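>>> here goes the first bit of my complex:
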Amino acid sequence: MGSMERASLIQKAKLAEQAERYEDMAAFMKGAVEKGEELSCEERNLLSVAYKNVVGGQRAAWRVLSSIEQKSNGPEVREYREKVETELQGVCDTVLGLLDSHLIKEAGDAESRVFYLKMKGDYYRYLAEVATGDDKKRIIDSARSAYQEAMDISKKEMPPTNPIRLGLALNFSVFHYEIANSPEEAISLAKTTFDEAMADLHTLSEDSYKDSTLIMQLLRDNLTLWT
Amino acid sequence: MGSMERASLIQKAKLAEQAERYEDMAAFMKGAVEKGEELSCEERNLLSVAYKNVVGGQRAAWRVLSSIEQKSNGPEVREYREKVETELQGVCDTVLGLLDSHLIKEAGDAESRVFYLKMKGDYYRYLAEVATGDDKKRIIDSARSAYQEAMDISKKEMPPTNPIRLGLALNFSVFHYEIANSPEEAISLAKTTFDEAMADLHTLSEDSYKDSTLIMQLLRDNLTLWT
Amino acid sequence: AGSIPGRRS
């Protein structure tokens, strides 16, 4: 995408989302990041939406294939699961590479830095979902470390209802439950996050209230599933 | 896919459908066709499902982008619509190439030959949906000719409830209404097809009855929309 | 107007 203008890449990413062409969307946003400038709030959301949708489809396919493979236990199911897994790992590696070169290091405001570190935790978490080898523990720890740095910044710099702070806590709680084998930590984090947000809702406008309560409902939905 | 066994490609196409990985599915089925052997009934359905789903997503995206472009009337919307259009045309050309080299010429049984000629009509119809230039009339006529040959064979060789005969008539009626600007021909074809199938339902088993009535309902749904 | 789906579903 080196020959296309930054503004054109952003415009086409928005069009690709409307057309539900998320692979295109991610390619346009990768091109935009590689222009080397920082991303605005809206542009960070375009980047996240694009890759979250691409990897989300890969994860769903990997889970279908992994279920078939486990029931089976020719080489075809394992080979095809391995092919999907390698493609998923490649996308995660691409996103992590964008964050490392150089989105995180240039992000000084709490909102941007937390957003990118939450993404870093997420993409290591997706790698951890499929990991089995010598590096599985290290992948899990890399997710944990990214989420923890994001949490530390968010608690110092953002109110407890901030939607990025809330989504980070939601995702880190999923990490604890599904990856780290720490369901009590997951439940504690979701509960404390929910309760501290509830007590700050009185400060919010109607539109901010809507955002915060929508994510609080996701925390509650997980708590209902886990308890 | 030249190095993968035919049977493995077929198996992986079935897995790809279960995982909703239709681009993979189409690539596996293209590889299977290129082994040079004829396709069984089940394999013909895998080929059609794969490409129908790939091009169906491209068509939906092209329609979103074309709507935005027409409302707008920078170069970005037109450029991106053109990119999606070119990719759609490429897939249609690929399918048509498989049918021409050499699925149709080797198909002697009425069921296989009608199935492939119906596909040929469909992929020229998808090309016609996006065509505007010197060849638009010729693309429309190519769809018409393929559907007409399929119709002639189906009326001689298949009962009026045969599901391939019914689906062919359904799709040719859509061609008449949406492409050829012949809504009366579309309505006549759908009505006559429905009525002749109705009068043959008494000959069918319960499972064949289900197949035929399901497609008859699609004919009726179109008639209700068109009248 | 609808054309034939890939599968009976």
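Looks like it came in fine. Numbers count the residues shown, from 1 in each chain, chains lettered A, B, ... in the order given.

>>> residue numbers of chain A in contact with chain C?
Residues of chain A lying close to chain C (CB under 8 Å from any CB of the partner chain): none. Backbone N, C-alpha and C define where each C-beta goes, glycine included.

>>> smallest distance to chain C belongs to which residue of chain A?
Here chain A gets closest to chain C at one residue, residue A:64, 16.4 Å apart by CB to the nearest CB.

>>> quick one: contacts for that residue?
The contact partners of residue A:64, taken as CB atoms under 8 Å, 6 or more residues apart in numbering or on different chains, are B:18, B:19, B:20.

>>> likewise residue A:125?
Residues in contact with residue A:125 (CB under 8 Å, 6+ apart) are A:143, A:171, A:174, A:175, A:179.

>>> now the helix or strand hosting it: how far from the chain's centre is it?
Taking DSSP states H and E as the definition, one finds residue A:125 inside helix A:110-130. Averaged C-alpha coordinates place helix A:110-130 at 5 Å from its chain's average position (CA atoms, centre = their mean, to the nearest Å).

>>> could I get the buried residue list for whatever helix or strand comes next after it?
Beyond helix A:110-130 on the C-terminal side, the first helix or strand identified by DSSP H and E is helix A:136-157. Residues of helix A:136-157 classed as buried by neighbour count (16 or more other CB atoms under 10 Å in any protein chain shown): A:139, A:140, A:142, A:143, A:144, A:146, A:147, A:149, A:150, A:151, A:153, A:154.

>>> residues in contact with the nearest residue to the fourth one once chain neighbours are set aside?
In this structure, residue A:143 finds its nearest non-sequential neighbour in residue A:124, 3.6 Å apart by CB to CB, 6 or more residues apart in numbering or on different chains. Applying CB under 8 Å, 6+ apart, one finds that residue A:124 lies in contact with A:92, A:96, A:139, A:140, A:142, A:143, A:146.

>>> what sits against the fifth one?
For residue A:142, the contact set (CB under 8 Å, 6+ apart) comprises residue A:124.

>>> at 10 Å what do you get?
By CB atoms under 10 Å, 6 or more residues apart in numbering or on different chains, residue A:142 lies in contact with A:96, A:120, A:121, A:123, A:124, A:125, A:127, A:128, A:135.

>>> closest one of these to chain B?
Taking CB to the nearest CB as the measure, chain B lies nearest residue A:127 of the contacts of residue A:142, at 19.4 Å.

>>> what about that closest one, how many residues nearby?
By other CB atoms under 10 Å in any protein chain shown, 21 other residues sit near residue A:127.

>>> can you slot in chain D too:
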Amino acid sequence: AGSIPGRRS
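Same chains as before, plus chain D:
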């Protein structure tokens, strides 16, 4: 368990 969606929808 659900993680955050890409959009409010």
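
>>> same as before for the contacts of residue A:125, with chain D this time.
By CB under 10 Å, 6+ apart, the contact list for residue A:125 reads A:92, A:139-140, A:142-144, A:146-147, A:171-172, A:174-175, A:178-180, D:3.

>>> try it again with 6 Å
When contacts are counted by CB atoms under 6 Å, 6 or more residues apart in numbering or on different chains, residue A:125 touches A:143, A:175, A:179.

>>> skipping adjacent residues, who's closest to the second one in space?
Think residue A:175. Closest residue in space to residue A:175, ignoring its immediate chain neighbours: residue A:125 at 5.4 Å, by CB to CB, 6+ apart.

>>> for residue A:143, see how far away the one you found is.
Noted for residue A:125: a distance of 5 Å to residue A:143, by CB to CB, to the nearest Å.

>>> can you list residues touching both of the two?
Residues within reach of residue A:125 and of residue A:143 at once, by CB under 6 Å, 6+ apart, are residue A:175.

>>> what does stretch A:38-56 rub up against?
With CB under 6 Å, 6+ apart as the criterion, stretch A:38-56 contacts A:13, A:22, A:23, A:25, A:26, A:29, A:91, A:95, A:106, A:115, A:126, D:6.

>>> from residue A:204, how far out is residue A:161?
6 Å.

>>> when the two are compared, which one has more neighbours?
The neighbour count for residue A:161 versus residue A:204, taken as other CB under 10 Å, is higher for residue A:161 (23 against 16).

>>> residue contacts, the more buried one?
A:197, A:200, A:212.

>>> 8 Å instead?
Shown in contact with residue A:161 (CB under 8 Å, 6+ apart): A:197, A:200, A:201, A:203, A:204, A:208, A:212.

>>> buried only: go through those for me.
Buried subset of the contacts of residue A:161 (neighbour count, 16+ other CB under 10 Å): A:197, A:204, A:212.

>>> give me the three-state assignment for the residue in chain A sticking out farthest from the centre.
Most distant from the centre of chain A: residue A:74, at 35.2 Å, with distances by CA atoms, centre = their mean. Classification of residue A:74 by DSSP: H, G, I helix; E, B strand; the rest coil places it in coil.

>>> quick check: it touching residue B:8?
Yes. Using CB atoms under 8 Å, residue A:74 is in contact with residue B:8, at 7.1 Å.

>>> in chain C, which residue sits closest to chain D?
Nearest residue of chain C to chain D: residue C:9, at 25.5 Å (CB to the nearest CB).

>>> backbone phi and psi for the residue nearest in space to the middle of chain C, please?
Chain C has residue C:5 as the residue nearest its centroid, 1.8 Å off, counting by CA atoms, centre = their mean. Geometry field for residue C:5 lists phi and psi as phi -80, psi 170, criterion degrees, to the nearest 10.
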